[PDB]
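Below is data10.cif, holding mmCIF, C-alpha atoms and all ligand atoms.
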data_entry
loop_
_atom_site.label_atom_id
_atom_site.label_comp_id
_atom_site.auth_asym_id
_atom_site.auth_seq_id
_atom_site.Cartn_x
_atom_site.Cartn_y
_atom_site.Cartn_z
CA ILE X 1 -16.66 15.73 -40.86
CA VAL X 2 -13.08 15.12 -41.97
CA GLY X 3 -12.33 13.39 -45.33
CA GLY X 4 -16.04 13.47 -46.36
CA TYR X 5 -17.63 15.32 -49.34
CA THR X 6 -20.28 18.01 -49.84
CA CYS X 7 -23.57 16.12 -49.84
CA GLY X 8 -25.53 18.56 -51.96
CA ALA X 9 -28.96 20.07 -51.75
CA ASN X 10 -31.45 17.93 -49.85
CA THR X 11 -29.71 14.53 -50.14
CA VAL X 12 -29.85 13.99 -46.28
CA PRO X 13 -33.34 15.66 -45.90
CA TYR X 14 -33.78 14.34 -42.32
CA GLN X 15 -30.75 16.33 -41.13
CA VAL X 16 -31.33 19.06 -38.56
CA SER X 17 -29.18 21.79 -37.12
CA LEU X 18 -29.53 22.66 -33.41
CA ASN X 19 -29.03 26.46 -32.95
CA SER X 20 -28.71 28.55 -29.74
CA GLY X 21 -27.46 31.72 -31.47
CA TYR X 22 -25.09 29.66 -33.56
CA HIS X 23 -25.08 26.05 -34.73
CA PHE X 24 -23.84 23.83 -31.94
CA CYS X 25 -25.06 20.27 -32.77
CA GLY X 26 -26.83 18.11 -35.34
CA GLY X 27 -29.96 15.96 -35.12
CA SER X 28 -32.33 13.68 -37.16
CA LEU X 29 -36.03 14.31 -37.74
CA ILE X 30 -38.05 11.19 -36.94
CA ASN X 31 -41.57 12.56 -37.62
CA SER X 32 -43.14 15.98 -38.04
CA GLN X 33 -42.86 16.86 -34.33
CA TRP X 34 -39.75 15.07 -32.96
CA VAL X 35 -35.96 15.18 -33.34
CA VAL X 36 -33.34 12.73 -31.87
CA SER X 37 -29.90 14.08 -31.08
CA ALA X 38 -27.24 13.34 -28.45
CA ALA X 39 -27.77 14.06 -24.70
CA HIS X 40 -24.53 15.97 -24.52
CA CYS X 41 -26.08 18.51 -26.91
CA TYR X 42 -28.65 19.45 -24.34
CA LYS X 43 -28.98 23.21 -23.95
CA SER X 44 -32.02 25.22 -23.09
CA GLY X 45 -33.40 27.59 -25.75
CA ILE X 46 -32.87 25.37 -28.78
CA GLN X 47 -34.10 26.36 -32.23
CA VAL X 48 -34.19 23.64 -34.85
CA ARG X 49 -33.45 24.51 -38.41
CA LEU X 50 -34.67 22.05 -41.04
CA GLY X 51 -33.93 22.05 -44.84
CA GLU X 52 -30.50 23.60 -44.26
CA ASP X 53 -27.58 23.18 -46.57
CA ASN X 54 -25.50 26.32 -45.82
CA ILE X 55 -26.01 27.31 -42.19
CA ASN X 56 -24.85 30.88 -42.85
CA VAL X 57 -27.17 31.57 -45.86
CA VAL X 58 -30.97 31.42 -45.84
CA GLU X 59 -31.78 29.88 -49.29
CA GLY X 60 -35.56 30.02 -48.85
CA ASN X 61 -35.79 26.27 -48.07
CA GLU X 62 -35.67 26.37 -44.35
CA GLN X 63 -37.98 25.95 -41.50
CA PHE X 64 -36.74 27.45 -38.20
CA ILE X 65 -38.82 25.98 -35.31
CA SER X 66 -38.15 26.16 -31.59
CA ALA X 67 -38.20 23.19 -29.31
CA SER X 68 -41.10 23.02 -26.85
CA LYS X 69 -39.26 20.40 -24.70
CA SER X 70 -36.16 18.12 -24.46
CA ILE X 71 -35.90 14.69 -22.80
CA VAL X 72 -32.41 13.34 -22.06
CA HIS X 73 -32.31 9.56 -21.52
CA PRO X 74 -32.97 8.62 -17.84
CA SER X 75 -29.63 6.74 -17.72
CA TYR X 76 -27.44 9.32 -19.55
CA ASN X 77 -23.95 9.32 -17.92
CA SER X 78 -22.02 12.51 -18.97
CA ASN X 79 -18.76 11.06 -17.90
CA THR X 80 -18.77 7.87 -19.95
CA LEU X 81 -21.33 9.12 -22.52
CA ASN X 82 -23.21 5.93 -22.13
CA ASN X 83 -26.88 6.42 -23.21
CA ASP X 84 -26.10 9.57 -25.11
CA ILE X 85 -29.46 10.19 -26.65
CA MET X 86 -32.10 12.97 -26.15
CA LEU X 87 -35.45 13.75 -27.80
CA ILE X 88 -36.48 17.25 -28.77
CA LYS X 89 -40.15 18.00 -29.48
CA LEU X 90 -40.93 20.83 -31.90
CA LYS X 91 -43.39 23.66 -31.05
CA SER X 92 -45.20 23.38 -34.39
CA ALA X 93 -45.01 20.53 -36.87
CA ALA X 94 -42.53 20.88 -39.65
CA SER X 95 -43.94 20.59 -43.14
CA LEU X 96 -42.39 17.59 -44.77
CA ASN X 97 -41.46 17.91 -48.44
CA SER X 98 -38.49 16.92 -50.68
CA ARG X 99 -36.12 18.98 -48.53
CA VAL X 100 -37.48 17.89 -45.17
CA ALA X 101 -38.25 14.18 -44.65
CA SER X 102 -38.09 12.02 -41.53
CA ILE X 103 -35.77 9.00 -41.21
CA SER X 104 -37.02 5.67 -40.02
CA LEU X 105 -36.13 3.91 -36.80
CA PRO X 106 -34.66 0.41 -37.27
CA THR X 107 -36.48 -2.88 -36.61
CA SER X 108 -33.10 -4.62 -35.99
CA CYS X 109 -29.45 -3.56 -35.30
CA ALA X 110 -26.96 -3.35 -38.15
CA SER X 111 -24.08 -5.75 -38.59
CA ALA X 112 -20.40 -4.89 -38.73
CA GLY X 113 -19.70 -4.43 -42.44
CA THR X 114 -22.78 -2.42 -43.17
CA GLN X 115 -22.11 0.94 -44.97
CA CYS X 116 -23.53 4.03 -43.35
CA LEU X 117 -23.79 7.68 -44.23
CA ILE X 118 -22.73 10.13 -41.54
CA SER X 119 -23.52 13.85 -42.17
CA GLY X 120 -23.02 17.26 -40.37
CA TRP X 121 -21.46 20.76 -40.32
CA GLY X 122 -18.65 19.96 -37.88
CA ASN X 123 -14.90 20.63 -38.13
CA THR X 124 -13.16 19.36 -41.31
CA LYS X 125 -9.49 19.52 -40.21
CA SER X 126 -7.91 16.71 -38.14
CA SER X 127 -4.82 18.78 -37.29
CA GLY X 128 -6.43 22.21 -37.28
CA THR X 129 -9.85 23.83 -37.28
CA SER X 130 -12.04 24.61 -40.30
CA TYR X 131 -15.78 24.82 -39.99
CA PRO X 132 -17.63 24.37 -43.23
CA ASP X 133 -20.95 25.99 -43.78
CA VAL X 134 -22.36 23.38 -46.17
CA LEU X 135 -23.32 19.88 -45.22
CA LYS X 136 -20.59 17.29 -45.45
CA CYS X 137 -21.21 13.53 -45.88
CA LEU X 138 -19.10 10.48 -45.26
CA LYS X 139 -19.83 6.86 -46.18
CA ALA X 140 -18.26 4.62 -43.50
CA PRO X 141 -18.79 0.99 -42.39
CA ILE X 142 -19.62 -0.32 -38.97
CA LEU X 143 -16.47 -1.78 -37.46
CA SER X 144 -16.27 -4.92 -35.43
CA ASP X 145 -16.83 -4.61 -31.76
CA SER X 146 -13.39 -6.05 -31.19
CA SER X 147 -11.69 -3.40 -33.31
CA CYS X 148 -13.80 -0.78 -31.51
CA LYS X 149 -13.04 -2.03 -28.01
CA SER X 150 -9.30 -2.48 -28.66
CA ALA X 151 -9.24 1.21 -29.70
CA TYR X 152 -11.04 2.38 -26.49
CA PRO X 153 -10.35 -0.29 -23.70
CA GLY X 154 -12.90 -0.36 -20.88
CA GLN X 155 -14.89 2.41 -22.57
CA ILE X 156 -17.35 0.88 -25.02
CA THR X 157 -20.70 -0.33 -23.72
CA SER X 158 -23.40 -2.28 -25.47
CA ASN X 159 -24.98 1.04 -26.32
CA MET X 160 -22.11 2.14 -28.54
CA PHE X 161 -20.63 1.06 -31.87
CA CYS X 162 -17.73 2.39 -33.95
CA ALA X 163 -17.70 3.24 -37.63
CA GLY X 164 -15.03 4.74 -39.80
CA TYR X 165 -11.59 3.65 -40.95
CA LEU X 166 -8.74 2.75 -38.64
CA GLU X 167 -6.22 4.12 -41.11
CA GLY X 168 -7.61 7.49 -39.95
CA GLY X 169 -8.37 10.06 -42.66
CA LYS X 170 -12.19 10.23 -42.61
CA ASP X 171 -14.36 10.44 -39.41
CA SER X 172 -17.01 12.49 -37.63
CA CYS X 173 -15.67 15.49 -35.58
CA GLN X 174 -16.58 18.34 -33.20
CA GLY X 175 -19.83 19.96 -34.25
CA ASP X 176 -21.24 16.86 -35.93
CA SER X 177 -22.41 15.59 -32.44
CA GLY X 178 -26.08 14.61 -32.43
CA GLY X 179 -26.08 13.89 -36.17
CA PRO X 180 -27.25 10.85 -38.04
CA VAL X 181 -25.58 7.57 -39.03
CA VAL X 182 -27.96 5.92 -41.47
CA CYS X 183 -27.46 2.44 -42.73
CA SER X 184 -29.78 0.77 -45.23
CA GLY X 185 -32.23 3.55 -44.87
CA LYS X 186 -32.59 3.29 -41.06
CA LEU X 187 -31.32 5.61 -38.32
CA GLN X 188 -28.83 3.32 -36.58
CA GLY X 189 -26.45 5.78 -34.94
CA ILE X 190 -26.01 9.24 -33.46
CA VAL X 191 -22.54 10.95 -33.54
CA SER X 192 -21.39 10.80 -29.94
CA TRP X 193 -17.59 10.85 -29.35
CA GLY X 194 -14.13 9.82 -30.60
CA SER X 195 -10.36 10.47 -29.91
CA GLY X 196 -9.71 13.73 -31.70
CA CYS X 197 -10.90 13.17 -35.28
CA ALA X 198 -9.78 10.80 -38.06
CA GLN X 199 -6.55 9.59 -36.25
CA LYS X 200 -5.18 6.13 -37.01
CA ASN X 201 -6.84 3.47 -34.78
CA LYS X 202 -9.34 6.03 -33.47
CA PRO X 203 -12.75 5.59 -35.19
CA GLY X 204 -15.79 7.59 -34.09
CA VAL X 205 -18.16 6.13 -31.48
CA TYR X 206 -21.94 6.30 -32.07
CA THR X 207 -25.01 5.79 -29.91
CA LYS X 208 -26.53 2.43 -31.01
CA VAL X 209 -30.11 3.61 -31.63
CA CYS X 210 -31.50 0.06 -32.12
CA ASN X 211 -31.30 -0.34 -28.28
CA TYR X 212 -33.61 2.62 -27.67
CA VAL X 213 -36.46 2.19 -30.10
CA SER X 214 -39.12 1.16 -27.44
CA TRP X 215 -37.94 4.05 -25.17
CA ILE X 216 -38.20 6.40 -28.17
CA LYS X 217 -41.62 5.20 -29.25
CA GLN X 218 -42.97 5.22 -25.71
CA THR X 219 -41.59 8.60 -24.82
CA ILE X 220 -42.85 10.34 -27.93
CA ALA X 221 -46.30 8.84 -27.52
CA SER X 222 -46.72 10.20 -23.98
CA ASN X 223 -45.33 13.73 -24.57
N1 LIG T 301 -13.86 11.79 -33.59
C1 LIG T 301 -15.15 11.80 -33.56
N2 LIG T 301 -15.86 10.99 -34.30
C2 LIG T 301 -15.81 12.69 -32.73
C3 LIG T 301 -17.21 12.94 -32.82
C4 LIG T 301 -17.88 13.84 -31.96
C5 LIG T 301 -17.12 14.45 -31.01
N3 LIG T 301 -17.48 15.32 -30.10
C6 LIG T 301 -16.36 15.61 -29.45
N4 LIG T 301 -15.36 14.95 -29.94
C7 LIG T 301 -15.79 14.22 -30.90
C8 LIG T 301 -15.10 13.37 -31.72
CA CA T 302 -29.62 28.11 -44.97
CL CL T 303 -23.20 18.81 -37.59
ZN ZN T 304 -22.24 20.17 -36.02
ZN ZN T 305 -19.48 16.39 -29.26
#

Written as structure tokens, how would this file's structure read?
Amino acid sequence: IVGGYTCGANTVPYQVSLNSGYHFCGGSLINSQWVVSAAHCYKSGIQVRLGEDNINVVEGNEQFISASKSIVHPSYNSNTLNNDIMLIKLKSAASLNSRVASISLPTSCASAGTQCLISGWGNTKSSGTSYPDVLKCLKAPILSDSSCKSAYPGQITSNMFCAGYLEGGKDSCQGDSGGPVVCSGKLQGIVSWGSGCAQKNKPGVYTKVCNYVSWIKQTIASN
């Protein structure tokens, strides 16, 4: 995350780290046995780490559980990143506590203007590379579809929204992919893509989760 701050211990308790020997993507816990992340984070052999703050230090608050299965959306397009969502089922149920909580799915979509919290362990340097080890947070608003589409012409679909600041400065970045965008206590977005990180006129693009709630609910119930 660039221009964000250190969240702190368990302030984003639904945050997950996807690990395949190292941390490669983020995710959101939606109930004791399921995690939603981005389809471009699919890898085989995923281990989910819950209650993580520093991904390089075990502080006795974690739960390391392997995935039993992954489901990438039927319409995921890896070229356009349209429908970039995937579900990961956990082998055993995580134990929910103060440090590990699930986030709720929305009943409606959020409006431009709404303030969201974006979190993750991705790069922190726009012009450079720095990978933090503690969780970073960023409060950003949903931008208007017009400001989003003028920034990426012919590339935004109804399944994507933009959030951030056009002045550049703060934004999601490499690593943070798969992570949550929570607005008014609901999981409304998933970090999906952007043009570099925090550049002027280049906000991040997020999967608009409100368009997949019936697919999520149906898929989890039959798997
Ligand atoms: N600028 C962004 N918000 C962004 C987020 C995730 C990415 N994954 C590759 N590039 C990315 C860029
Ligand atoms: Ca740790
Ligand atoms: Cl992350
Ligand atoms: Zn990350
Ligand atoms: Zn990515």

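Closest approach to residue X:162 from the set X:112, X:186, X:211, X:121 is made by X:112, with distances taken over all atoms listed in the file.
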
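With all atoms listed in the file as the basis for measurement, X:136 is the residue among X:136, X:149, X:91, X:170 that approaches ligand ZN 304 (chain T) most closely.
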
List every residue of chain X that has an atom at most 10 Å from any atom of ligand ZN 305 (chain T), giving for each one its closest atom pair and the distance in Å to one decimal, counting all atoms listed in the file, sorted by chain and then by ascending residue number, as a Markdown table.
| residue | atom | partner | partner_atom | distance |
| --- | --- | --- | --- | --- |
| X:24 | CA | T:ZN305 | ZN | 9.0 |
| X:25 | CA | T:ZN305 | ZN | 7.6 |
| X:26 | CA | T:ZN305 | ZN | 9.7 |
| X:38 | CA | T:ZN305 | ZN | 8.4 |
| X:39 | CA | T:ZN305 | ZN | 9.7 |
| X:40 | CA | T:ZN305 | ZN | 6.9 |
| X:41 | CA | T:ZN305 | ZN | 7.3 |
| X:122 | CA | T:ZN305 | ZN | 9.4 |
| X:172 | CA | T:ZN305 | ZN | 9.6 |
| X:173 | CA | T:ZN305 | ZN | 7.4 |
| X:174 | CA | T:ZN305 | ZN | 5.3 |
| X:175 | CA | T:ZN305 | ZN | 6.1 |
| X:176 | CA | T:ZN305 | ZN | 6.9 |
| X:177 | CA | T:ZN305 | ZN | 4.4 |
| X:178 | CA | T:ZN305 | ZN | 7.5 |
| X:179 | CA | T:ZN305 | ZN | 9.9 |
| X:191 | CA | T:ZN305 | ZN | 7.6 |
| X:192 | CA | T:ZN305 | ZN | 5.9 |
| X:193 | CA | T:ZN305 | ZN | 5.9 |
| X:194 | CA | T:ZN305 | ZN | 8.6 |

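Distance-wise, atom CA of residue X:115 and atom CA of residue X:183 end up 6.0 Å apart.
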
Self-check item: Interatomic distance (Å, one decimal) between atom CA of residue X:143 and atom CA of residue X:197
Solution: 16.1 Å

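Distances from X:123, X:92, X:159, X:150 to ligand LIG 301 (chain T) were compared using all atoms listed in the file, and the smallest one belongs to X:123.
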
Subset file as a compact mmCIF listing (two decimals), in the first residue's frame: stretch 78-114 of chain X, N, CA, C and O atoms:
# COMPACT_ATOMS: atom_id res chain seq x y z
N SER X 78 -8.32 -13.60 -17.74
CA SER X 78 -7.01 -13.11 -17.24
C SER X 78 -6.37 -12.02 -18.01
O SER X 78 -5.39 -11.46 -17.57
N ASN X 79 -6.96 -11.73 -19.12
CA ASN X 79 -6.42 -10.65 -19.97
C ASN X 79 -6.96 -9.30 -19.57
O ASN X 79 -6.16 -8.38 -19.45
N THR X 80 -8.26 -9.25 -19.37
CA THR X 80 -8.93 -7.98 -18.98
C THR X 80 -9.13 -7.82 -17.46
O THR X 80 -9.38 -6.74 -16.97
N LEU X 81 -9.03 -8.94 -16.80
CA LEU X 81 -9.18 -9.10 -15.32
C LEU X 81 -10.61 -8.84 -14.88
O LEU X 81 -10.94 -8.45 -13.76
N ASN X 82 -11.45 -9.13 -15.83
CA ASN X 82 -12.90 -8.96 -15.59
C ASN X 82 -13.20 -10.26 -14.82
O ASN X 82 -12.66 -11.29 -15.17
N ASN X 83 -14.03 -10.13 -13.83
CA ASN X 83 -14.51 -11.21 -12.91
C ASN X 83 -13.34 -11.77 -12.11
O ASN X 83 -13.15 -12.94 -11.89
N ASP X 84 -12.53 -10.88 -11.62
CA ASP X 84 -11.36 -11.34 -10.85
C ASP X 84 -11.68 -11.64 -9.39
O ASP X 84 -11.39 -10.86 -8.50
N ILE X 85 -12.30 -12.77 -9.22
CA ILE X 85 -12.66 -13.20 -7.87
C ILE X 85 -12.49 -14.74 -7.84
O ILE X 85 -12.69 -15.38 -8.85
N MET X 86 -12.10 -15.25 -6.70
CA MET X 86 -11.90 -16.72 -6.45
C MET X 86 -12.22 -16.98 -4.96
O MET X 86 -12.05 -16.11 -4.11
N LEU X 87 -12.66 -18.18 -4.71
CA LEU X 87 -13.04 -18.61 -3.34
C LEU X 87 -12.08 -19.69 -2.94
O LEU X 87 -11.79 -20.53 -3.78
N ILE X 88 -11.64 -19.64 -1.72
CA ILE X 88 -10.69 -20.63 -1.20
C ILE X 88 -11.35 -21.22 0.05
O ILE X 88 -11.72 -20.47 0.94
N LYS X 89 -11.47 -22.52 0.08
CA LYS X 89 -12.11 -23.20 1.24
C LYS X 89 -10.94 -23.66 2.09
O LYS X 89 -9.94 -24.08 1.54
N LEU X 90 -11.12 -23.58 3.38
CA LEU X 90 -10.07 -23.97 4.36
C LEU X 90 -10.27 -25.47 4.75
O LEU X 90 -11.37 -25.97 4.80
N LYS X 91 -9.19 -26.12 5.02
CA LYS X 91 -9.18 -27.56 5.42
C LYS X 91 -9.93 -27.76 6.72
O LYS X 91 -10.76 -28.65 6.83
N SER X 92 -9.60 -26.95 7.68
CA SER X 92 -10.24 -26.99 9.03
C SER X 92 -10.80 -25.61 9.24
O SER X 92 -10.35 -24.68 8.59
N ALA X 93 -11.74 -25.49 10.14
CA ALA X 93 -12.33 -24.14 10.38
C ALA X 93 -11.38 -23.31 11.23
O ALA X 93 -10.70 -23.85 12.10
N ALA X 94 -11.36 -22.05 10.96
CA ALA X 94 -10.47 -21.20 11.76
C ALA X 94 -11.29 -20.95 13.00
O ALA X 94 -12.50 -21.12 13.00
N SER X 95 -10.63 -20.54 14.02
CA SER X 95 -11.29 -20.27 15.32
C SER X 95 -11.38 -18.77 15.32
O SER X 95 -10.37 -18.09 15.30
N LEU X 96 -12.57 -18.29 15.33
CA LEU X 96 -12.79 -16.82 15.30
C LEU X 96 -12.67 -16.28 16.69
O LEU X 96 -13.19 -16.88 17.61
N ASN X 97 -12.00 -15.18 16.83
CA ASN X 97 -11.77 -14.49 18.13
C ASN X 97 -11.61 -13.00 17.80
O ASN X 97 -12.05 -12.52 16.77
N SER X 98 -10.99 -12.27 18.68
CA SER X 98 -10.78 -10.79 18.49
C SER X 98 -9.84 -10.45 17.32
O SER X 98 -9.97 -9.42 16.68
N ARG X 99 -8.93 -11.36 17.12
CA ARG X 99 -7.87 -11.29 16.08
C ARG X 99 -8.27 -11.88 14.75
O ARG X 99 -7.65 -11.57 13.75
N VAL X 100 -9.26 -12.72 14.78
CA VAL X 100 -9.73 -13.38 13.53
C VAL X 100 -11.27 -13.27 13.51
O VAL X 100 -11.94 -13.93 14.29
N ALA X 101 -11.78 -12.45 12.63
CA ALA X 101 -13.25 -12.26 12.52
C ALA X 101 -13.61 -12.35 11.03
O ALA X 101 -12.71 -12.21 10.22
N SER X 102 -14.84 -12.56 10.68
CA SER X 102 -15.13 -12.62 9.23
C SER X 102 -15.71 -11.25 8.89
O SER X 102 -16.08 -10.51 9.79
N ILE X 103 -15.77 -10.92 7.63
CA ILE X 103 -16.31 -9.61 7.19
C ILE X 103 -17.61 -10.01 6.53
O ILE X 103 -17.73 -11.11 6.02
N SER X 104 -18.52 -9.10 6.52
CA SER X 104 -19.83 -9.37 5.92
C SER X 104 -19.94 -9.02 4.44
O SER X 104 -19.27 -8.13 3.95
N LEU X 105 -20.78 -9.74 3.77
CA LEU X 105 -20.98 -9.48 2.32
C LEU X 105 -22.07 -8.38 2.29
O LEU X 105 -22.87 -8.31 3.20
N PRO X 106 -22.07 -7.57 1.27
CA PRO X 106 -23.00 -6.42 1.21
C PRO X 106 -24.38 -6.87 0.75
O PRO X 106 -24.51 -7.92 0.14
N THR X 107 -25.36 -6.06 1.05
CA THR X 107 -26.77 -6.32 0.66
C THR X 107 -26.97 -5.39 -0.55
O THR X 107 -27.83 -5.63 -1.38
N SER X 108 -26.21 -4.34 -0.66
CA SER X 108 -26.33 -3.40 -1.81
C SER X 108 -24.90 -2.91 -2.19
O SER X 108 -23.96 -3.12 -1.45
N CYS X 109 -24.77 -2.27 -3.33
CA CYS X 109 -23.44 -1.76 -3.78
C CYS X 109 -23.21 -0.40 -3.15
O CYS X 109 -24.19 0.25 -2.82
N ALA X 110 -21.96 -0.03 -3.00
CA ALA X 110 -21.68 1.30 -2.38
C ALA X 110 -21.60 2.37 -3.46
O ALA X 110 -21.22 2.11 -4.59
N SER X 111 -21.97 3.53 -3.01
CA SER X 111 -22.00 4.75 -3.88
C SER X 111 -20.64 5.45 -3.96
O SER X 111 -19.80 5.30 -3.09
N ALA X 112 -20.47 6.20 -5.02
CA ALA X 112 -19.20 6.93 -5.18
C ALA X 112 -19.26 7.87 -3.96
O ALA X 112 -20.34 8.33 -3.60
N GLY X 113 -18.16 8.15 -3.36
CA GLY X 113 -18.20 9.05 -2.19
C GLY X 113 -17.88 8.23 -1.00
O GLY X 113 -17.04 8.64 -0.21
N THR X 114 -18.54 7.12 -0.88
CA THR X 114 -18.25 6.25 0.31
C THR X 114 -16.73 6.07 0.57
O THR X 114 -15.96 5.93 -0.36
